[PDB]
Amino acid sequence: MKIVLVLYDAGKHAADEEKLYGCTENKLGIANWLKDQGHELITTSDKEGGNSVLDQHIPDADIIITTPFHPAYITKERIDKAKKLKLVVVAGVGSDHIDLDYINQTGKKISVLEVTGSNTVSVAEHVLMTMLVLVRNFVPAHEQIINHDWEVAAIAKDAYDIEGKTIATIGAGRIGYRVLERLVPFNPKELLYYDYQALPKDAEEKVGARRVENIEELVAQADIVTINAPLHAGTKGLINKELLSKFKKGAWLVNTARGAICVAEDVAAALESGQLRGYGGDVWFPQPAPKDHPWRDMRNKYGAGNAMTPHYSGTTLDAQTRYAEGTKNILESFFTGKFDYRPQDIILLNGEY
């Protein structure tokens, strides 16, 4: 079978770290395994254009492997041209780039899977890191040192402990609940959450969480807010100027879920005005972020409150090892005809939800 793998070019960075499996140079560490079992592997980062390397190999590709950090868009047209396509695998988590709705409509027996759970701890750690970074004002503190300054008062005037703070998550799924778990020993005033379904009682009481029915009541009482929800009609443009006006004045906001859940200019304006003390996370919209994206230069009145990073929280070397092992297991379940997939990895089973 022909398998087409789409990843970014790490370039020199691939030679620096052999564990950087999620690039074209290292091919998820499975090129030998596929060759061993008689399959042909097409690896490429060229995913745009009509003469992209991807598009030339779509017509007879049995399997297509993708990644959210260099997403090959499985479009309506490409689905039409993929005459031998049987399986689309996400070497990671996230299927925004796959036209799942169209695949289902065609009736084609195309399975789509992702390595569910491989990213959650990595993103959850990133939220708490970013919470602590903002609350404790780490970013301007490190800037003083590397700039050869020493002025404690300029850093302490807007630095707090995370203890005694009320923290709320919008969404309490795999990532959000793992964020709550890690926050318990920091002794927050309270942990709050809003979600379209209740946490199990035992899970709720393990972290001492209280559920808030609506999002104004949630944010209005929250010192820290973190976004851990899927992107859909309810959450698209959720964090806009109107909703931000009900945040506690000087709140800290963190979003590692999806940039589009916020309205970029509204968030930036809120930080500049003081409605937010700081904003952080690693997701953007558009993504990758243009050089002019307002979240790059936005700052609070003190020249701080920005803890943004590129979208990399879910591609740490430990996540990538899970991505590569998970993709191999999914491929193995397919090659052997057992189709013994993990139930949580299935997005579509032979075209069906």
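Throughout, we count residues from 1 along the sequence that is shown.
Look at the C-alpha B-factors of 193-201 and of 173-181. On average they run higher in 193-201. The question of which stretch, 262-270 or 155-163, has the higher mean Cα B factor is settled in favour of 262-270. Out of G234, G117, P140, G281, it is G234 whose C-alpha atom has the highest B-factor in the PDB entry.
Highest CA B-factor among the listed residues (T67, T327, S52, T309): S52. Placement of the Cα temperature factor of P59 within the chain: highest third of the modelled residues, per the deposited record. Among the modelled residues of its chain, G29 has a C-alpha B-factor that falls in the highest third according to the deposited record. Among the modelled residues of its chain, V207 has a C-alpha B-factor that falls in the middle third according to the deposited record. When the modelled residues of the chain are ordered by their C-alpha B factor, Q275 lands in the middle third. Ranked by C-alpha B-factor against the other modelled residues of its chain, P294 falls in the middle third.
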